[PDB]
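Visitor: I'd like to ask some things about the structure below.
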Amino acid sequence: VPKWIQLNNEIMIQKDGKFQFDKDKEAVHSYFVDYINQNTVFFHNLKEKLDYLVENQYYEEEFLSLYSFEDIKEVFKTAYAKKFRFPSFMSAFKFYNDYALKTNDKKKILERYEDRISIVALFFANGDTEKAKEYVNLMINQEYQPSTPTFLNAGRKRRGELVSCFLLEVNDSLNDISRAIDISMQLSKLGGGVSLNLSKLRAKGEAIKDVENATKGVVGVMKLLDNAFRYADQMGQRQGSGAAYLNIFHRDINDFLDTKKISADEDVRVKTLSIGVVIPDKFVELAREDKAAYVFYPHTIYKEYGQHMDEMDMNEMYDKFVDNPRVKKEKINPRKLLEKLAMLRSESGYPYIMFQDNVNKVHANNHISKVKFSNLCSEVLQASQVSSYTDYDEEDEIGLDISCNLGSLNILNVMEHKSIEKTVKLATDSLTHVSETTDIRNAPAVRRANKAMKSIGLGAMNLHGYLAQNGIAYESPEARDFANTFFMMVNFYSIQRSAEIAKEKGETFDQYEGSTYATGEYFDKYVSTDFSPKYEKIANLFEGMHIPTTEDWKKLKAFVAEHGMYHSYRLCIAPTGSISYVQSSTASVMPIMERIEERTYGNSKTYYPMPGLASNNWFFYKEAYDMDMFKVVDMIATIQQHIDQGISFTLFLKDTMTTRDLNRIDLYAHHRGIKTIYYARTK
Amino acid sequence: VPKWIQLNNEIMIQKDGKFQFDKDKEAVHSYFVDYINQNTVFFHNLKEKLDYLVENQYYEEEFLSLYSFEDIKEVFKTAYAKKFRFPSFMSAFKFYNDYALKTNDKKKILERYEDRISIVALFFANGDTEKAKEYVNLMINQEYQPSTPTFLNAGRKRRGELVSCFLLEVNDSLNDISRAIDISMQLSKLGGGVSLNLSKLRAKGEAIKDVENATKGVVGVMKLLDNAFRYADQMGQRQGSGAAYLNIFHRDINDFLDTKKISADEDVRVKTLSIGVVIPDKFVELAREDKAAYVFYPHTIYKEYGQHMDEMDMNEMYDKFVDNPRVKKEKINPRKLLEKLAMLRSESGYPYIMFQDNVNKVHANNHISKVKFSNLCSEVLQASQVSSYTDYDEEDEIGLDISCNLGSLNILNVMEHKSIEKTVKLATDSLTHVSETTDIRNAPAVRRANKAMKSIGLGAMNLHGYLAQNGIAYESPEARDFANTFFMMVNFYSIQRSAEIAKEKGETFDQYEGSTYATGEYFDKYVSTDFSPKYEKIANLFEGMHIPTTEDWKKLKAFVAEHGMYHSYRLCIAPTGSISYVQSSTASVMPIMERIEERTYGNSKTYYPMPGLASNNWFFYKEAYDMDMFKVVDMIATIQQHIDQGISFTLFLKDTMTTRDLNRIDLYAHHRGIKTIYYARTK
Amino acid sequence: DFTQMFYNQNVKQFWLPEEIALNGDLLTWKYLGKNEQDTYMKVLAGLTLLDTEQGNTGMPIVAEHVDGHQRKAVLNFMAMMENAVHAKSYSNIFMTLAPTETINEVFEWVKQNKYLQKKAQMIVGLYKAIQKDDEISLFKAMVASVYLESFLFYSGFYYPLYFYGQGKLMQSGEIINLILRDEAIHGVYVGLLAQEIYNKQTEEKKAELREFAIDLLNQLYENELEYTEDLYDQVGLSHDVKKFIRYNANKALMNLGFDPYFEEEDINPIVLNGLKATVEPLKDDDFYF
Amino acid sequence: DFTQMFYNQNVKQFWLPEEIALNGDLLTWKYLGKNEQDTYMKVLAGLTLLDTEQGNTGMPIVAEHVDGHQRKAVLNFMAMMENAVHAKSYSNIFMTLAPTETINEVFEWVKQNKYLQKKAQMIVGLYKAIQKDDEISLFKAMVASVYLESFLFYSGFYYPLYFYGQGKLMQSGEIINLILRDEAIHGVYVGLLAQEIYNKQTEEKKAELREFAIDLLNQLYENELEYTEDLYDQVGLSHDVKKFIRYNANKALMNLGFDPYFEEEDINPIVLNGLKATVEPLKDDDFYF
Ligand SMILES: Nc1ncnc2c1ncn2[C@@H]1O[C@H](COP(=O)(O)OP(=O)(O)OP(=O)(O)O)[C@@H](O)[C@H]1O
Ligand SMILES: Nc1ncnc2c1ncn2[C@@H]1O[C@H](COP(=O)(O)OP(=O)(O)OP(=O)(O)O)[C@@H](O)[C@H]1O
Ligand SMILES: Cc1cn([C@H]2C[C@H](O)[C@@H](COP(=O)(O)OP(=O)(O)OP(=O)(O)O)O2)c(=O)[nH]c1=O
Ligand SMILES: [Mg+2]
Ligand SMILES: [Mg+2]
Ligand SMILES: [Mn+2]
Ligand SMILES: [Mn+2]
Ligand SMILES: [Mn+2]
Ligand SMILES: [Mn+2]
């Protein structure tokens with residue numbers, strides 16, 4: 001066993017009844033003085049390194065050609081001047097195993113952390129040396145972390161796409177289904193997770209040109225998509241991951257759910273395609289009143305009204321659907337469907353739950369389209385227009401397929417540096433650059449939506465780490481007050497940066513004029529309610545930083561009205577799974593699953609303590625499963641009120657609790673304004 | 001139990017030690033006195049019937065509008081003047097259960113046999129009343145039978161395409177694979193059987209964008225195609241049928257074959273995807289000499305030579321591939337592979353066997369392309385060019401995808417009417433009309449090849465029926481003499497009609513000038529070898545009909561040289577599954593499987609004796625399983641020497657014979673010039 | 001002289017209830033009177049109980065005490081058929097025709113029915129009385145087993161056969177005929193083993209064994225009469241069934257090498273109407289013609 | 001939670017010796033050396049002898065003491081496969097490859113062999129020690145049974161799989177693969193029955209049962225190493241066979257719900273080629289907060 005492995009395992013060997021957390025630090029030293037420094041490839045100077053990486057097809061030469069070598073040297077020197085040290089063994093291990101650039105045979109390390117950060121910063125700046133240094137300082141301080149696609153692939157010749165998630169709308173036609181399968185394979189080839197809205201597809205037993213009971217429903221398309229994602233599995237490196245979203249009022253909703261039952265037959269079971277359910281407020285109202293609900297056949301509704309079932313408001317059209325004899329429907333028990341959802345989430349963690357009305361009551365771009373589904377991580381909530389892929393030799397009507405670039409603020413590092421504004425603006429600029437340089441030649445709706453919406457996702461990580469390292473319980477009202485203030489600041493500065501980009505470029509996102517940003521409605525709660533901290537401890541935490549007031553929000557509203565906004569969507573809180581290790585941060589705004597996690601790598605086992613875990617903050621690092629899910633819902637709703645897109649909200653459940661407890665948590669989330677629920681992980 | 005079913009089951013009841021075959025005739029009468037006439041919709045006049053069928057979206061207005069009502073009435077009167085009577089119960093049952101037009105509620109019969117024949121004739125003639133009457137006389141004499149798609153769908157508004165055999169070339173790309181899946185779905189939606197060539201696809205463990213061990217091979221593509229064919233199942237009417245062809249020198253050939261093993265796992269086995277193997281002469285030579293063979297990685301060959309492995313002659317390329325270090329290959333035992341093929345055919349009848357050099361040594365259009373694969377029934381053998389389907393908003397390079405037009409001569413009815421020439425020419429004209437009226441807007445290469453090649457398949461059936469009713473054993477040399485003469489006359493008149501159509505329209509098929517028809521090579525064996533019958537009995541059978549001599553063939557060769565040939569391909573012998581029942585004929589040129597076949601429809605049993613079966617010809621109606629497969633191979637080769645495309649050749653084996661016997665039959669078929677082997681049906 | 005042929009016959013008769021689709025009986029079942037359905041359910045439940053004990057106890061225990069690996073293989077196979085095939089088939093029939101509550105009720109009814117409990121007590125008691133290396137206790141249990149196989153099942157078999165013969169409940173009836181075909185060979189086989197033991201005895205001992213067999217038969221018979229009346233009076237068939245069980249009692253005695261005990265009677269004619277491929281390598285001469 | 005599922009998997013795996021033609025093995029058998037033929041014969045006899053104990057005692061004794069009609073049926077089916085299918089299959093392989101006199105001598109040798117006897121008698125000893133209504137003694141016997149099904153057979157299976165993976169003795173190798181596939185499911189099933197007993201015990205009793213299982217495994221493993229060298233040194237395979245024993249020991253432990261004992265090792269590639277949360281209804285007022 002390696003020396004650093006033994007040093008890391010020495011953490012759990014208690015001394016005087018206490019964990020040896022400091023041993024972890026020793027491990028990193030070993031991991032660098034025995035493996036990383038020996039396995040790294042050193043050159044005489046930076047010129048030889050850059051030339052070797054360029055000619056050997058490791059780096060794209062275009063982004064490096066925008067800078068003179070003196071500027072690149074200055075950027076690299078700025079990166080190395082911080083003398084960044086990984087405080088935990090797992091941070092360095094995760095970076096050098098998942099994100100550091102290696103040779104073709106993967107026998108040596110070509111990229112250090114500073115090298116990777118410098119390359120990403122130079123790609124972000126697009127020829128601006130000062131901007132590149134700003135990005136270097138932002139990432140080496142670990143205030144901002146680009147998503148895994150962006151951080152791993154920026155400036156690389158053998159790179160994939162920098163966009164993490166893609167959302168596709170599938171129209172009710174064989175041509176559209178085949179095009180959706182093709183685009184899903186193309187985007188999984190690019191490495192991104194693909195989500196498909198199957199609510200427009202007509203249910204099982206519908207007519208294909210006057211011959212009835214002909215359609216296979218959404219389950220056949222689900223099987224096709226599952227095989228497509230199995231085939232396109234990132235060249236066999238990462239399993240192809242897809243998501244299917246169906247409205248709960250679709251007739252196939254049961255069969256949909258039956259794809260995830262552990263007793264499902266092979267002709268129905270789907271195993272590589274995640275499932276999500278979109279629940280309008282009408283379904284929750286029907287379940288609450290115990291009135292029997294009706295699921296609908298989409299094609300009959302489309303024939304009668306000319307629009308898809310998910311294209312209009314169910315809260316106002318459900319009674320018209322039920323009373324219409326030309327609309328076909330089936331009777332269901334909404335409470336039984338809710339119990340089935342809870343049982344399925346207990347068994348397998350599926351489906352994702354999207355509260356459609358919670359998303360669309362604060363959605364700023366309802367004029368473009370209502371949000372009808374979410375992404376594979378159930379945090380992207382954007383307007384999408386379905387595409388009409390016609391026959392060959394016929395022009396296709398290209399719609400809008402959602403796609404946003406992810407980037408997370410490290411809350412602990414951002415607040416320690418007292419740089420919410422600067423970090424938010426620089427992250428917005430980096431995400432705007434990632435969107436601008438993204439061009440996908442096989443997904444036309446994705447390309448058009450990227451060019452028009454200009455949507456980005458600016459997330460946050462290390463919420464629980466910051467709260468526990470500052471002596472604040474994650475479930476406490478003080479923690480929710482901190483989240484309210486911090487994310488109001490993040491939203492304020494993201495809107496300010498979006499408006500500044502719109503002013504400097506003279507262009508807004510497409511159809512911005514009909515948005516609530518243009519009409520000023522979006523700023524209502526910000527121009528009437530003060531989001532400054534209500535607790536003295538939180539206010540002290542925010543000292544040295546100008547917390548925006550109602551007057552600052554009014555000025556920002558006027559600025560947006562004058563100049564517009566460059567981005568249709570700005571903030572989305574992704575799960576941030578593996579890149580949180582490198583940043584020494586807790587995953588996303590979720591509470592920690594465990595204080596010390598035991599992970600098996602190779603034939604060895606490693607223990608990763610939570611960042612900053614110690615004796616004095618052991619009980620502030622409360623495990624998520626031990627927490628009240630209602631207070632976690634309160635925290636997520638408090639954050640969500642300042643996030644325009646959704647938050648990947650994983651439910652952390654105990655084995656003792658029943659499906660009724662899961663249903664109660666889901667209904668409280670819906671009541672509190674939670675937009676989406678990601679996972680039901682049971683301990 | 002209905003009266004006609006009792007009268008049909010009375011056949012097996014033996015009187016005086018003989019089957020009551022004549023009772024079947026009585027059954028037909030009952031089937032018409034009790035059921036057909038009662039459930040047949042009658043109209044006051046044909047005008048009312050045509051108006052009702054057109055208005056209720058049963059027929060098409062376009063083809064009926066080309067004639068005055070007097071001409072349509074005259075065509076119907078010509079059809080009804082024959083007073084055609086089905087000789088067996090199963091003929092009428094199959095027609096009125098499969099082909100007769102029924103109401104939307106499927107309880108009444110709108111079309112009789114004469115009505116359907118008249119409608120198909122009017123569709124064929126395209127406005128010529130005399131030509132329509134000629135077609136009516138052809139089909140009511142049952143000399144020619146349009147295929148199930150053409151016969152069932154001609155003149156019907158609610159219909160699939162008139163072509164059901166489609167051959168697709170799949171290029172080695174994700175875009176091409178997705179396009180192939182889409183086209184397969186679209187053609188299965190039209191009701192056609194789709195065959196895909198997977199030899200150009202790179203094997204498992206190949207590089208994608210210079211990353212190693214990334215390709216899933218052809219088995220993942222087969223899984224995708226199997227899912228696509230399961231999804232597209234004729235609006236839930238018939239099981240989606242598809243075929244995949246792989247060259248035996250493709251490295252995936254074992255895994256390909258492993259998709260049909262019973263022991264194969266769920267992630268390996270494809271259930272609704274037929275498989276065929278293309279066997280070049282090089283593989284047979286390697287197996288014969290017991291030299292170990294090599295299966296090659298197609299992408300390495302493409303990178304080294306710039307052409308696909310299946311696009312070049314393996315006979316001259318195999319040694320260069322083996323000696324090339326940059327071509328990756330795996331060692332195999334060709335005799336072990338042959339034994340595996342025989343074992344798989346014994347277990348499941350798969351794969352289909354295509355002898356590439358047997359096809360291509362007589363292929364007339366090798367300049368366009370060599371025949372690389374066959375159809376789902378393993379009888380279509382045509383030149384195909386792969387298409388380069390690029391990314392979106394980029395122009396695709398459309399190639400040639402095979403789609404031939406099926407139609408079968410009834411050898412008994414044709415020869416008893418002494419009308420080989422007239423029937424062949426009229427069938428060629430009808431096939432040309434159906435090929436010209438076919439327009440598929442979702443298969444670009446299929447449409448392009450249909451417009452360019454103008455390839456049709458004119459088959460024959462009732463060969464064994466005709467031979468048995470004339471006191472000729474199917475395995476006798478006299479039967480082979482008759483087949484030689486009859487199919488040489490069929491080829492002569494098909495070529496004459498093709499040249500006449502080319503002269504009339506002033507156009508040949510695309511790239512005809514490079515064909516062996518243009519150079520006169522095709523006629524070589526016809527201008528030197530006399531194909532007149534060598535037996536007096538066969539000559540007396542051909543009495544009253546002019547048998548083309550060598551001088552006639554020289555005149556035809558000169559005529560083709562002067563005027564060209566309209567069809568790239570003219571003759572292919574399809575299995576003729578259900579139309580053989582309606583025509584009261586034995587299926588294809590195959591020998592009969594059973595003298596009397598027992599079938600179960602609903603909860604009732606039915607008995608179909610072979611047409612013309614009696615005590616006198618009971619011995620001549622020898623069952624296929626009791627026959628020597630070498631003599632069946634000899635007869636099929638005798639026919640194949642006059643057929644430009646292949647013949648659906650099913651092997652009929654006993655359970656006693658082993659895989660050595662199957663391999664011997666396959667090798668004798670290869671030796672005798674058999675182009676394709678369809679199935680290995682074990683009794 | 002016989003085990004090998006019984007081995008071959010038993011294994012070639014192998015079947016599973018799932019081979020027979022039962023949804024075809026749905027309508028002829030729906031059409032029966034409540035009395036008829038009640039008797040039918042109870043009859044099959046009585047059969048299920050007998051096969052449960054024959055599979056769990058009777059056949060395995062006889063297998064344990066009979067010498068010879070081939071004899072044991074036959075008896076083990078027969079045991080498997082009893083509980084893995086026969087007893088289970090009845091549940092397939094129940095699950096098709098009846099709602100869960102009716103199924104629950106009939107299984108509760110077997111537990112409390114005094115005739116069914118008495119016959120189980122008597123038969124299983126004899127199985128559990130077998131003593132190692134004691135051929136007489138083994139003979140007594142084999143007589144009990146023959147009486148179960150060839151006599152006791154028949155008060156139950158009557159009714160499915162009676163319907164089958166009228167063209168009613170024919171899928172369930174097909175299952176029952178397969179079960180009956182098995183029990184007939186099981187009764188013969190166990191009968192032959194019993195005769196082996198009987199033939200080893202003195203004339204005095206034989207006389208006692210015949211007394212045992214006849215006393216046991218009469219005791220079982222008297223109980224079966226009451227069981228038959230209890231089940232069949234409501235469908236009007238008790239006298240007919242009684243004739244059938246006497247007929248089969250004689251067959252059981254004959255399987256044991258004894259003379260018939262009951263006089264011959266005419267049985268309902270309806271019930272009488274109710275009755276990889278081999279691989280060779282390729283030679284170099286197979287490539288030339 | 002599991003018996004009906006195992007019932008299904010067991011009955012759908014049903015097969016008979018006659019299905020595989022054995023005579024074509026003589027075409028590769030004749031080309032093996034004396035040591036290869038000797039090892040094969042000895043291994044085959046070892047498997048035969050152990051499997052007979054499982055058919056005559058192991059499965060029937062467990063079926064006797066386990067409560068539950070459906071479990072008894074599955075166990076009966078497994079006992080049937082041992083006695084009616086597996087035993088006939090081993091006999092068929094022997095009769096094909098060796099003359100009668102050679103078979104008798106090999107069985108005489110293996111019957112006297114110290115390492116084969118040690119393991120055979122250790123297993124049989126635990127079956128004989130089961131006491132009525134004592135679940136601890138039943139558990140110990142189940143552990144022994146799982147060790148036989150999932151571990152002890154594999155020092156033997158190695159050789160036929162080794163040939164099968166090379167294209168030698170393919171017909172008998174196919175038979176062995178079918179047998180092995182049955183023993184795998186037998187081991188998993190009996191393992192689940194043992195875990196059921198284990199989970200009903202106190203923490204101290206559990207620790208005591210774990211110690212029993214590990215101690216037994218150790219005794220059997222040390223004898224397997226000796227058995228292995230005794231048979232496989234003459235054909236140079238013992239090192240690789242030992243890896244295969246440990247890998248299968250780990251599977252046996254996992255069947256009993258225990259952690260693997262041995263470090264993970266790769267296996268010979270030729271042999272490889274041969275080879276609910278509680279539902280609680282919503283009570284209303286759960287929609288209001
Ligand atoms: N935790 C760590 N994170 C990142 N790099 C590290 C870490 N520990 C060691 N290294 C790398 O290994 C080298 C070993 O030097 P070390 O940290 O022991 O101190 P040093 O030799 O006094 O110099 P310096 O600390 O100034 O780099 C470091 O210079 C650095 O490049
Ligand atoms: N074998 C048969 N094949 C086809 N149609 C039949 C057959 N037998 C009877 N029919 C139909 O039933 C009708 C009655 O025929 P039948 O044998 O009674 O005498 P017919 O002289 O042909 O009668 P019709 O006056 O109808 O022409 C036929 O006209 C035809 O429509
Ligand atoms: C062709 C086909 C379609 N479908 C379903 C899936 C699609 O969502 C739906 C629409 O198919 P379409 O491609 O729209 O078929 P169509 O346009 O010819 O019929 P229509 O005019 O009624 O739109 O039909 C199947 O389930 N199986 C099939 O094989
Ligand atoms: Mg449509
Ligand atoms: Mg390519
Ligand atoms: Mn029984
Ligand atoms: Mn029995
Ligand atoms: Mn066994
Ligand atoms: Mn076993």
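Here's how to read the names in the structure tokens: chain A, B, ... by the order shown, residue numbers from 1 in each chain, ligand numbers from 1 in the order shown.
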Near residue 191 (chain D), within 7 Å and counting only C-alpha atoms, which residues show up once chain neighbours fewer than 3 positions away are dropped, as a list in words?
Guide: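 Near neighbours after the sequence-gap exclusion: residues 146, 187, 188, 194, 195, 255 and 256 of chain D.
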Visitor: Run DSSP on the backbone of this structure and report the residues of region 32-214 of chain B it assigns to helix (DSSP H, G or I), as number ranges by chain.
Guide: B: 32-36, 46-55, 61-65, 69-81, 89-99, 113-125, 129-140, 148-153, 174-189
Visitor: Can you write out the residues you just picked, keeping C-alpha atoms, as a PDB file, in the first residue's frame?
Guide:
```pdb
ATOM      1  CA  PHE B  32     -69.267 -18.582 -50.447  1.00  0.00           C
ATOM      2  CA  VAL B  33     -72.858 -19.697 -49.860  1.00  0.00           C
ATOM      3  CA  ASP B  34     -72.775 -19.256 -46.072  1.00  0.00           C
ATOM      4  CA  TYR B  35     -70.177 -16.549 -45.352  1.00  0.00           C
ATOM      5  CA  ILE B  36     -68.714 -14.590 -48.272  1.00  0.00           C
ATOM      6  CA  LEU B  46     -70.701  -0.201 -60.018  1.00  0.00           C
ATOM      7  CA  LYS B  47     -70.983   3.601 -60.069  1.00  0.00           C
ATOM      8  CA  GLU B  48     -72.465   3.581 -56.562  1.00  0.00           C
ATOM      9  CA  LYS B  49     -69.795   1.141 -55.362  1.00  0.00           C
ATOM     10  CA  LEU B  50     -66.964   3.283 -56.725  1.00  0.00           C
ATOM     11  CA  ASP B  51     -68.506   6.461 -55.301  1.00  0.00           C
ATOM     12  CA  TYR B  52     -68.889   4.856 -51.868  1.00  0.00           C
ATOM     13  CA  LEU B  53     -65.333   3.502 -51.883  1.00  0.00           C
ATOM     14  CA  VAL B  54     -63.807   6.799 -53.043  1.00  0.00           C
ATOM     15  CA  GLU B  55     -65.862   8.991 -50.700  1.00  0.00           C
ATOM     16  CA  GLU B  61     -59.341   9.395 -56.732  1.00  0.00           C
ATOM     17  CA  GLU B  62     -56.281   9.926 -58.937  1.00  0.00           C
ATOM     18  CA  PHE B  63     -56.026   6.486 -60.539  1.00  0.00           C
ATOM     19  CA  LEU B  64     -59.783   6.163 -61.080  1.00  0.00           C
ATOM     20  CA  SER B  65     -60.021   9.664 -62.574  1.00  0.00           C
ATOM     21  CA  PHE B  69     -66.718   5.345 -65.929  1.00  0.00           C
ATOM     22  CA  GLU B  70     -67.537   3.340 -69.066  1.00  0.00           C
ATOM     23  CA  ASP B  71     -63.929   2.127 -69.281  1.00  0.00           C
ATOM     24  CA  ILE B  72     -63.870   1.175 -65.584  1.00  0.00           C
ATOM     25  CA  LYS B  73     -67.164  -0.687 -65.993  1.00  0.00           C
ATOM     26  CA  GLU B  74     -65.762  -2.491 -69.041  1.00  0.00           C
ATOM     27  CA  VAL B  75     -62.669  -3.513 -67.063  1.00  0.00           C
ATOM     28  CA  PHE B  76     -64.839  -4.818 -64.212  1.00  0.00           C
ATOM     29  CA  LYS B  77     -67.027  -6.684 -66.715  1.00  0.00           C
ATOM     30  CA  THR B  78     -63.923  -8.253 -68.263  1.00  0.00           C
ATOM     31  CA  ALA B  79     -62.832  -9.348 -64.786  1.00  0.00           C
ATOM     32  CA  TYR B  80     -66.244 -10.851 -63.999  1.00  0.00           C
ATOM     33  CA  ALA B  81     -66.659 -12.522 -67.410  1.00  0.00           C
ATOM     34  CA  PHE B  89     -61.145 -23.281 -49.547  1.00  0.00           C
ATOM     35  CA  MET B  90     -57.804 -21.900 -48.363  1.00  0.00           C
ATOM     36  CA  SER B  91     -57.394 -19.768 -51.500  1.00  0.00           C
ATOM     37  CA  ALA B  92     -60.660 -17.904 -50.922  1.00  0.00           C
ATOM     38  CA  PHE B  93     -60.108 -17.795 -47.161  1.00  0.00           C
ATOM     39  CA  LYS B  94     -56.643 -16.261 -47.541  1.00  0.00           C
ATOM     40  CA  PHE B  95     -57.857 -13.716 -50.087  1.00  0.00           C
ATOM     41  CA  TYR B  96     -60.917 -12.622 -48.106  1.00  0.00           C
ATOM     42  CA  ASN B  97     -58.991 -12.577 -44.811  1.00  0.00           C
ATOM     43  CA  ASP B  98     -55.789 -10.887 -46.032  1.00  0.00           C
ATOM     44  CA  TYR B  99     -56.388  -9.030 -49.309  1.00  0.00           C
ATOM     45  CA  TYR B 113     -61.526 -11.121 -56.127  1.00  0.00           C
ATOM     46  CA  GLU B 114     -62.711  -9.604 -59.408  1.00  0.00           C
ATOM     47  CA  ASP B 115     -63.076  -6.166 -57.800  1.00  0.00           C
ATOM     48  CA  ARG B 116     -59.549  -6.228 -56.369  1.00  0.00           C
ATOM     49  CA  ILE B 117     -58.123  -7.511 -59.656  1.00  0.00           C
ATOM     50  CA  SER B 118     -59.952  -4.802 -61.623  1.00  0.00           C
ATOM     51  CA  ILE B 119     -58.715  -2.088 -59.261  1.00  0.00           C
ATOM     52  CA  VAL B 120     -55.120  -3.333 -59.473  1.00  0.00           C
ATOM     53  CA  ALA B 121     -55.389  -3.509 -63.274  1.00  0.00           C
ATOM     54  CA  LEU B 122     -56.755   0.040 -63.492  1.00  0.00           C
ATOM     55  CA  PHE B 123     -53.916   1.223 -61.260  1.00  0.00           C
ATOM     56  CA  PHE B 124     -51.383  -0.618 -63.437  1.00  0.00           C
ATOM     57  CA  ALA B 125     -52.656   0.719 -66.761  1.00  0.00           C
ATOM     58  CA  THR B 129     -58.498   0.895 -70.811  1.00  0.00           C
ATOM     59  CA  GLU B 130     -57.134  -1.765 -73.180  1.00  0.00           C
ATOM     60  CA  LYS B 131     -54.015  -2.180 -71.039  1.00  0.00           C
ATOM     61  CA  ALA B 132     -56.260  -2.413 -67.972  1.00  0.00           C
ATOM     62  CA  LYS B 133     -58.286  -5.170 -69.646  1.00  0.00           C
ATOM     63  CA  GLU B 134     -55.047  -6.970 -70.528  1.00  0.00           C
ATOM     64  CA  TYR B 135     -53.973  -6.784 -66.878  1.00  0.00           C
ATOM     65  CA  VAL B 136     -57.406  -8.023 -65.787  1.00  0.00           C
ATOM     66  CA  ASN B 137     -57.131 -10.998 -68.144  1.00  0.00           C
ATOM     67  CA  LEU B 138     -53.605 -11.644 -66.857  1.00  0.00           C
ATOM     68  CA  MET B 139     -54.631 -11.667 -63.185  1.00  0.00           C
ATOM     69  CA  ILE B 140     -58.006 -13.404 -63.569  1.00  0.00           C
ATOM     70  CA  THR B 148     -48.655  -8.804 -51.379  1.00  0.00           C
ATOM     71  CA  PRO B 149     -47.895  -5.042 -51.076  1.00  0.00           C
ATOM     72  CA  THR B 150     -48.923  -4.302 -54.666  1.00  0.00           C
ATOM     73  CA  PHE B 151     -51.913  -6.658 -54.692  1.00  0.00           C
ATOM     74  CA  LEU B 152     -53.202  -5.498 -51.301  1.00  0.00           C
ATOM     75  CA  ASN B 153     -52.541  -1.760 -51.547  1.00  0.00           C
ATOM     76  CA  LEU B 174     -22.766   7.896 -35.853  1.00  0.00           C
ATOM     77  CA  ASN B 175     -24.670  10.211 -38.201  1.00  0.00           C
ATOM     78  CA  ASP B 176     -25.003   7.399 -40.740  1.00  0.00           C
ATOM     79  CA  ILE B 177     -26.045   4.906 -38.053  1.00  0.00           C
ATOM     80  CA  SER B 178     -28.730   7.265 -36.734  1.00  0.00           C
ATOM     81  CA  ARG B 179     -29.928   7.951 -40.281  1.00  0.00           C
ATOM     82  CA  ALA B 180     -30.063   4.202 -40.943  1.00  0.00           C
ATOM     83  CA  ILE B 181     -32.162   3.709 -37.800  1.00  0.00           C
ATOM     84  CA  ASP B 182     -34.479   6.527 -38.889  1.00  0.00           C
ATOM     85  CA  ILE B 183     -34.840   5.170 -42.434  1.00  0.00           C
ATOM     86  CA  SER B 184     -35.466   1.655 -41.114  1.00  0.00           C
ATOM     87  CA  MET B 185     -38.222   3.023 -38.879  1.00  0.00           C
ATOM     88  CA  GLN B 186     -39.761   5.000 -41.749  1.00  0.00           C
ATOM     89  CA  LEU B 187     -39.712   2.015 -44.111  1.00  0.00           C
ATOM     90  CA  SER B 188     -41.130  -0.356 -41.489  1.00  0.00           C
ATOM     91  CA  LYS B 189     -43.836   2.268 -40.968  1.00  0.00           C
TER      92      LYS B 189
END
```
